[PDB]
Undergrad: 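Take this structure, written in C-alpha cells, and hold onto it; I'll ask about it next.
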Amino acid sequence: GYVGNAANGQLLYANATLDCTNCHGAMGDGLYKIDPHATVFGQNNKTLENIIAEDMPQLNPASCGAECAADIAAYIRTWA
Amino acid sequence: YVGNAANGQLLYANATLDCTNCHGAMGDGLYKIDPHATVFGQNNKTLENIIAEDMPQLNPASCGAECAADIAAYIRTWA
Amino acid sequence: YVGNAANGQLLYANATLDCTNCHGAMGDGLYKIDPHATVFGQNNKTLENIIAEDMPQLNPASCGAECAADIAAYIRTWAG
Ligand code: HEC
Ligand code: HEC
Ligand code: HEC
Ligand SMILES: [Cl-]
Ligand SMILES: [Cl-]
Ligand code: NA
Ligand code: NA
Ligand code: NA
C-alpha cells in the first residue's frame with residue numbers, strides 16, 4: 001500500500017493550483033469545515049483519502065488522485 | 001556558503017519577502033518555479049543567483065547571497 | 001517544565017492559534033518578534049509569560065504555560 005507522507009501533504013494542501021485553503025482555510029476552519037478526527041466522510045462514509053481522491057478539489061477532482069490524497073490526509077491528521 | 005534548508009523553509013515563507021504570494025507554497029502559483037531546473041532566465045543563472053539578484057521583485061536586496069542559498073536549498077526539496 | 005521546540009513549531013503553525021497571521025513564519029510579519037530579546041512589553045515579561053498571558057489575542061487562554069514554553073523554545077531558533 002501507499003502510505004501518505006505528511007510533509008508532502010503540507011505543501012500539497014497549500015498548493016496554489018489545488019487551492020484547498022481558499023475553501024477550507026489553513027486547517028479546515030474556513031468557509032467549508034473539515035473535521036480532522038473523523039474516520040468517515042460524506043453520505044457514502046468514505047475515508048479521508050477517498051473523499052479527497054474522488055471529490056476534491058471540486059474544480060477538477062482528478063487533479064489530486066490517490067497519492068496526493070494520501071499525503072494530504074496524513075497532513076490533515078496533524079491539525080488536531 | 002552552503003544552503004541550510006531549514007532556514008530556507010522559514011525565509012521562503014517570510015511575510016516580508018512574500019515569495020509565496022507570487023510563487024505559491026510549492027512553486028505552482030501565479031509564477032512557476034521549476035525545482036528541477038539548474039539554469040534560470042535569459043542569462044542562465046543558478047537558482048541561488050536568480051534569487052539573490054532578482055527576488056523578491058519589491059526589493060531584490062532584501063534576500064542576498066546567503067538567504068538565496070538557504071531558500072534554494074529548500075526549493076530543491078519540492079522535487 | 002522545559003519547552004519542546006519540536007512541539008513549539010507545530011503549535012506556532014497551528015491555525016487555531018494563528019500566530020503566523022499576525023507575526024509571520026519567522027516573526028517578520030505585521031507585528032515583529034525579536035528572538036534574541038529576554039524582556040517583552042511594558043511589564044518586561046519573559047517570552048513564555050507574554051505568550052501565556054497575552055497570546056493569541058483572540059483567546060489568550062488557548063495557549064497556556066506549557067504551550068508558551070514550547071513555542072518560546074521554537075522562537076529562539078529563529079535567531080539562527
Ligand atoms: C471551491 C470549493 C472547494 C475546493 C477548492 C476544495 N474543497 Fe473540499 N469541500 C468543499 C465543499 C463544499 C465540501 C462539502 C462541505 C464540507 O463538508 O466541508 C468539501 C468537503 C471536503 C472534505 C470532507 C469534509 C468533512 O469533514 O466532511 C474534505 C476532507 C475536503 N473537502 C478536502 C479538500 C482538499 C484536500 C482540497 C484541495 C486539495 C479541497 N477539499 C478543495 C469545497 C472545496
Ligand atoms: C510579486 C512578484 C514576485 C515576488 C514577491 C517574488 N517573485 Fe520570484 N519571480 C517573479 C516573476 C514575475 C518571475 C519570472 C517569471 C517566472 O519565472 O515565473 C520570477 C522568477 C523567480 C525564479 C525563476 C523561476 C524561473 O523558472 O525562471 C525564482 C527561483 C524565483 N522567482 C524565486 C523567488 C523567491 C525565492 C522569492 C522571495 C523570497 C521571490 N521569487 C519573490 C515574481 C515574484
Ligand atoms: C491577531 C493578532 C495576533 C495573534 C493572532 C497573535 N499575536 Fe502576538 N502580538 C500581537 C500584537 C498586536 C502584539 C503587540 C504589538 C507589537 O509587538 O508590536 C503582539 C505581541 C507578541 C509578542 C511580544 C513581541 C514584542 O516584542 O513586542 C510575542 C512574543 C507574541 N506576540 C507571540 C505570539 C504567539 C506565540 C502567538 C500565537 C500562538 C501570537 N503572538 C498570536 C498580535 C497577535
Ligand atoms: Cl503552489
Ligand atoms: Cl515572517
Ligand atoms: Na481528487
Ligand atoms: Na535577492
Ligand atoms: Na496565552
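The basis for the numbers below is simple: all heavy atoms, side chains too, and nothing from hydrogens, waters or symmetry mates. Letters A, B, ... mirror the listed sequences (proteins, then strands); counts begin at 1.
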Undergrad: Ignoring hydrogens, what is the shortest heavy-atom contact between C:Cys19 and C:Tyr12? Give both atom names and the distance.
TA: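 Smallest interatomic distance, heavy atoms only, reads CB-CE1, 3.4 Å.
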Undergrad: Of all heavy-atom pairs between B:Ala79 and B:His36, which one has the smallest distance, and what is that distance?
TA: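 Heavy atoms only, the tightest pair is CB-NE2, 3.5 Å.
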Undergrad: Decide yes or no on side-chain contact (heavy atoms from CB on, under 4.5 Å) for C:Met26 and B:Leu11, but give the supporting numbers first.
TA: CA-CA 8 Å; C:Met26 38 174 297; B:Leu11 293 164; 3.7 Å; yes
Undergrad: What is the minimum heavy-atom distance between A:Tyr2 and A:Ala70, and which atoms define it?
TA: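 Minimum heavy-atom contact is CD2-CB, 3.6 Å.
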Undergrad: Going from CD on C:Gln42 to CD1 on C:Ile50, what distance comes out if it is rounded to the nearest 0.5 angstrom?
TA: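 One gets 7.0 Å once the value is rounded to the nearest 0.5 Å.
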Undergrad: So A:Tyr75 and A:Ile72, side-chain contact (heavy atoms from CB on, under 4.5 Å) or not? Walk me through it.
TA: CA-CA 5 Å; A:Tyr75 169 58; A:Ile72 283 169; 5.6 Å; no
Undergrad: Tell me which pairs pass side chain to side chain donor-acceptor pair (under 3.5 Å) where either residue lies in residues 17-33 of chain B, with sequence neighbours left out.
TA: A:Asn15-B:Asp28
Undergrad: What's the spacing between B:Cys22 SG and B:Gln57 CD if we round to 0.5 Å?
TA: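 Between atom SG of B:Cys22 and atom CD of B:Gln57 there are 6.5 Å.
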Undergrad: Counting only heavy atoms not in C:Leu58, do more than 12 fall under 6.0 Å of its CG?
TA: no
Undergrad: Hey, does A:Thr78 have a side-chain heavy atom less than 4.5 Å from the side chain of A:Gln10?
TA: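 When only atoms from C-beta onward are counted, A:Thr78 and A:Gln10 do not touch, as no gap falls below 4.5 Å.
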Undergrad: Which pair of heavy atoms, one from A:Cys64 and one from A:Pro57, lies closest together, and at what distance?
TA: CB-CD, 4.1 Å
Undergrad: Testing the basics here: between B:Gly24 and A:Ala16, what is the closest heavy-atom pair and its distance to 0.1 Å?
TA: CA-CB, 4.3 Å
Undergrad: Let me see the working for A:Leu18 and A:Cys68 under side-chain contact (heavy atoms from CB on, under 4.5 Å), right down to the final yes or no.
TA: CA-CA 10 Å; A:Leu18 298 183; A:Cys68 171; 3.9 Å; yes
Undergrad: Can you name the nearest heavy-atom pair linking A:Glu49 to A:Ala69, along with the distance?
TA: O-CB, 3.3 Å
Undergrad: Is a side-chain N or O of A:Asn5 found less than 3.5 angstrom from the main chain of A:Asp71, in a donor-acceptor match?
TA: no
Undergrad: Is the shortest side-chain heavy-atom distance between B:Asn43 and B:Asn49 below 4.5 Å?
TA: no
Undergrad: Do NZ/NE/NH1/NH2 and the carboxylate oxygens of B:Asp54 and B:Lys45 come within less than 4.0 Å?
TA: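 Salt bridge between B:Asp54 and B:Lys45, a charged N being under 4.0 Å from a carboxylate O: yes.
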